[PDB]
Amino acid sequence: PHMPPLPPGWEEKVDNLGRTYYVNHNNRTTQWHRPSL
Amino acid sequence: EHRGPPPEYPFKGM
């Protein structure tokens with residue numbers, strides 16, 4: 001199914017092994033799980 | 001699951 005949008009403050013990045021991860025610029029944190037509204 | 005945590009936050013951007 002489709003991808004719901006990212007919430008404010010979050011960025012989607014890809015690491016040097018090709019793995020998607022998510023960056024929270026409000027918290028200055030990263031995580032694997034896609035955030036949801 | 002994944003090998004390791006994800007890359008650290010890009011703190012130099014602060």
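Labels below follow one simple rule: chain letters A, B, ... track the order of the sequence lines, proteins then strands, and each chain is numbered from 1. Just so you know, these numbers use all the heavy atoms, side chains as well, and skip hydrogens, waters and symmetry mates.
Note that the CD atom of A:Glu11 and the CG atom of A:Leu6 stand 9.5 Å from one another [nearest 0.5 Å].
Listed by chain and residue number, A:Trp32 satisfy the ring pair (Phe, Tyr, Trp, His ring centres under 6.0 Å) test with B:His2 (two or more places apart in sequence, or in another chain). Qualifying side chain to side chain contact (heavy atoms under 4.5 Å, CB included) partners for A:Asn27, counting only residues two or more places apart in sequence or in other chains: A:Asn24, A:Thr29.
Using a 4.5 Å heavy-atom threshold, the side chains of B:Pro7 and A:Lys13 count as separate. Looking only at side-chain heavy atoms (C-beta outward), B:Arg3 and A:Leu17 come within less than 4.5 Å of each other.
Panel note: side chain A:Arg34, backbone A:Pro4; a donor-acceptor pair is recorded below 3.5 Å.
Annotation for A:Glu12 and A:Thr20: closest pair CG-CG2, 3.9 Å, computed over non-hydrogen atoms. The two residues A:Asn26 and A:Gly9 make their nearest non-hydrogen contact at ND2-CA, 3.8 Å.
The stretch residues 8-30 of chain A participates, sequence neighbours left out, in these ring pair (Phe, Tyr, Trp, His ring centres under 6.0 Å) pairs: A:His25-B:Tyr9.
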